[PDB]
Structures are given as structure tokens and as C-alpha cells.
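> take this sequence and fold it.
(chains A and B, ligands or ions: 2)
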Amino acid sequence: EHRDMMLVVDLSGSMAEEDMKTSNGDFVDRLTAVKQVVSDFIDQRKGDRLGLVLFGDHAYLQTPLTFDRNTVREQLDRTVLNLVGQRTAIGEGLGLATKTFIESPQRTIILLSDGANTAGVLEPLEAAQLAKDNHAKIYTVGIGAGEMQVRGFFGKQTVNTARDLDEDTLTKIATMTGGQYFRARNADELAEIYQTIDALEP
Amino acid sequence: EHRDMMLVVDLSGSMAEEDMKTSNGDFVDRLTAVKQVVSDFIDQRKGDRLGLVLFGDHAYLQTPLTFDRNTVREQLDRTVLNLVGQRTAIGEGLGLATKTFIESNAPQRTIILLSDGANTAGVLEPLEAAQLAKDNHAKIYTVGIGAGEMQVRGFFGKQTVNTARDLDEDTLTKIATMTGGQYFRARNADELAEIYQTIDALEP
Ligand SMILES: [Mg+2]
Ligand SMILES: [Mg+2]
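Numbers count the residues shown, from 1 in each chain, chains lettered A, B, ... in the order given. Ligands and ions are numbered 1, 2, ... in the order given. I have put the structure below:
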């Protein structure tokens, strides 16, 4: 599971104080010590959304809750000192963080099938309806080579590989959710569909 | 920005049929072709979460959702046929995939605030602002930062400096407590390092 985590850090002029003692015994300023530690903290949360709020006189957000943590880390790192001023708005920062939780992904289903809905508790279209409610768009891919003509001894015999394929309801599901139905009769055809689907959702 | 995409794949026994012709002209079964194409598709996606639903007689969720595409690709690779029988559950497959979007609907909210100072200036008061974070289900951890009393050699002579006179700890404590978080005081870079490690351990 994943969490959304807001980083609200202090930029007041008092941050410039060389307070912080490292193991080898050196003193460095507060902001530098923070940059170091928090950057390592950012690298640790692989699956989570992080954002950055910087505060003082006025509180402003630096990063709006991206999954991409290299930017959040980098953005924090190029931060400087004394820009904000000598006073701190703690209530401002906490509020802006909370507000940013609210102002915050696109959803897609790719359904692949060789046949009709033979066994199920809930009907396929009622699922597509529920999918629409949750903003999920469904792309549907029917798969089978269909009818093929086999030459033989006596004369023409015809074999159809996918007649179990229900293209009617597969089309409905896609159209209902605002997606498109595709039919792949071979591997080349199949790659193009998915190559196409990638392009449709950038 | 970032997308959530649920892959729903048919594993019914009919998928073992080889009607799928490849580039070079030979034939291969449907699941094999699917494994190929979908795996390649997965590599192409960037910055999106992906999950895997497999169906047949019943539908089940193979991968919840993730930024690691590799695991979705491998767990696809090792899938075999005839475990789920002949029949297909398309509704169940979609309903389960749908469901998987609703667990992404409930992220736990966490704020990490650090400060050297009291809330000297601001229109919004700290404990008001804290109250709201609780209303919005946010657990905020507070970190006080400053050495405190410190012996120092000035040019003029040896001197005792308290470097965090300003630090409001009981406001910072109230904030964390009010919202269910914890308050930490960092008197050096190592305690500071340890402090964020602890917050890592508390939120898993
Ligand atoms: Mg089937
Ligand atoms: Mg200050």
C-alpha cells in the first residue's frame, strides 16, 4: 500500500546557525544537516507520494506531491537561506500542506479475452458500469484468428478458430467506458493494438 | 502526471490454442503471444502504476499495483494455462480490477514538520492548523531542531550559548499529540538522522 507524505521544512534565517554536530565532530548549519538527512529519507520511501512545503514569513509549497522523488529531493537540495526572512509561519505551513492533500491518478483497464462471458456472478456490462463510475476507461482486446480457409484433398473445408469470441459485448464495454475495442488475428496485429493503446494514454 | 492501469488477462483453457502467427511465419499459442506483447507493453510505460488480474472460472488478483514493472512482467511470465479451467469470468475480472482502484482511494496522510523556532508570525495559528490536519486524517510528526546550551570558544574567550532559545517545544508537542504523531528534538546531526529513521519505521 502507499501513503501521501508532506514535508514542511523551515527556511527562517535562524537556520543559518551552525548548530549541528556530526560524528567526526564538525559543525555545520541547520539547513545543511536537514538537506542531508531528509534527502536520505526521501530515497527511502519508494512507493509513496512526497511533496515539499517551505515556510517562514510567508509559506509556499515547492513540490506538489509527486511520486517522482528525485525531483522532490533535488528541489529541496537547491533551496537556499534567508530568502523567507526572520519570522516563521508554522500554522501557514501546516495548513498549506493539508490543503495540498486535497487539490491532488488517471485510471485504465485493458481487458483481453478469447471468448464470451461463460461463467460469472456479475454480468459484464454491469461491471463496465461500475468501471465508469470509478472513472476507469476500458480498452478491450479480442484475440483469435477467426475464419481461415483450409485447402485440402476433396475440396474446401472451413475452420474457425475463435467463434466463442463475443465481440458485441466486448465492444459495448469499451464504448460505454469511452475506450476502443480491438481484434487481433495474429501476433503482429496484437503488438500494434497495444502499441496503439500506449499512445492513446500518454 | 501518473496513471493507474489494471491489466486483466484471460487464462481460460482456450488460450492454449495456437492460431497466433508470428513475424517469421510460424505459429504459437495465444498465451505465449500475450506474454510477449504485454510484457513489451509494460516496459514502454513510465511513471505509472500497473496491476495484474487473471480470470477463468473465477477471477483473482495477481499483482495489487506497483511502480516495479519487472514484478508484473515476471508474474505474467510464470503464468500457466488450465489452472482456471475452460470458462471465463469477464464481469468478475473487471469488478476485481475496479476494486483494485478503490484501495488506491485510501492513502494514509502524514506530515513531517521541523522548525527551530516558535510560530512568531502567521495569520493561521499552529493549533488551529493542527486541528484541521486531524479533520483531514493527517498524522503530523514534529521535529524540534537546535543544540541548546553549548560551550564555545569566542575570540574574546570561552562562552555559553543556548542556540535554541526560540524553539517552542510544547506547541510542537501539542501539534503532534493532537494529531496522533510524535515530537522529536534533534540536538545534533546524528540525532536528526536517527529521528527520521524512526519516522520511517513508524510509517510502513
Ligand atoms: Mg475461453
Ligand atoms: Mg527561526
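
> residues of chain A that sit close to ligand 2?
Remark: the part of chain A in contact with ligand 2 comprises A:12, A:14, using Cβ under 5 Å from the ion. Bear in mind the C-beta positions are built from the backbone N, C-alpha and C, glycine included.

> find the nearest non-adjacent residue to the residue nearest to the spatial centre of chain A, please.
Per Cα atoms, centre = their mean, the C-alpha nearest to the average position across chain A is that of residue A:105, at 5.5 Å. Counting by Cβ to Cβ, 6 or more residues apart in numbering or on different chains, the nearest residue to residue A:105 once its immediate chain neighbours are dropped is residue B:4, at 4.6 Å.

> is whichever strand or helix holds the one you found anywhere near ligand 1?
Secondary structure assignment for residue B:4, by DSSP states H and E: strand B:3-10. No - using Cβ under 5 Å from the ion as the criterion, no contacts between strand B:3-10 and ligand 1 are found, and the smallest distance is 6.6 Å.

> could I have the CA atoms of that strand written out in PDB?
Presented in PDB, the C-alpha positions along strand B:3-10 are these (Å, rounded to 0.1, in the frame of the first residue of the first chain):
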ATOM      1  CA  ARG B   3      -1.500   6.800 -14.300                       C
ATOM      2  CA  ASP B   4      -3.100   3.700 -12.700                       C
ATOM      3  CA  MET B   5      -3.600   0.900 -15.100                       C
ATOM      4  CA  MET B   6      -5.100  -2.500 -14.400                       C
ATOM      5  CA  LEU B   7      -4.300  -5.400 -16.800                       C
ATOM      6  CA  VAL B   8      -7.000  -8.100 -16.900                       C
ATOM      7  CA  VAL B   9      -6.000 -11.300 -18.800                       C
ATOM      8  CA  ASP B  10      -7.900 -14.400 -19.900                       C
END
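
> who touches that strand?
The list of residues contacting strand B:3-10 from outside it, by Cβ atoms under 8 Å, 6 or more residues apart in numbering or on different chains, reads A:105-115, A:136, A:143, A:201, B:34, B:38, B:45, B:47-56, B:65, B:72, B:76, B:79, B:88, B:93-94, B:97, B:100-101, B:104.

> next, the angle strand A:106-113 makes with that strand.
Between the axes of strand B:3-10 and strand A:106-113, defined by axes from the mean of the first three to the mean of the last three Cα atoms, to 10 degrees, the angle is 10 degrees.

> beta partners of the residue nearest to residue A:105?
Beta-bridge pairing of residue B:4 under DSSP bridges involves residue A:107, residue B:49.

> how many neighbouring residues does residue A:69 have?
Other residues within reach of residue A:69, judged by other Cβ atoms under 10 Å in any protein chain shown, total 20.

> I should have written residue A:124 there, sorry.
For residue A:124, the count of nearby residues is 26 (other Cβ under 10 Å).

> likewise for the one 10 residues further on?
Using other Cβ under 10 Å, the number of residues around residue A:134 comes to 14.

> returning to what we had before: tell me how far the residue nearest to the centre of chain A lies from ligand 1.
Look at residue A:105 and ligand 1: by Cβ to the ion, to the nearest Å, they are 32 Å apart.

> and residue A:179, by the same measure?
Spatial separation of residue A:179 from ligand 1 under the definition Cβ to the ion is 22 Å.

> burial count for that residue?
As a burial measure, the neighbour count of residue A:179 was computed by other Cβ under 10 Å and equals 23.

> before we move on, what about the one 4 residues further on?
Using other Cβ under 10 Å, the number of residues around residue A:183 comes to 18.

> over to residue A:165?
Around residue A:165 there are 19 residues (other Cβ under 10 Å).

> do residue A:162 as well
Burial measure for residue A:162: 22 neighbouring residues, criterion other Cβ under 10 Å.
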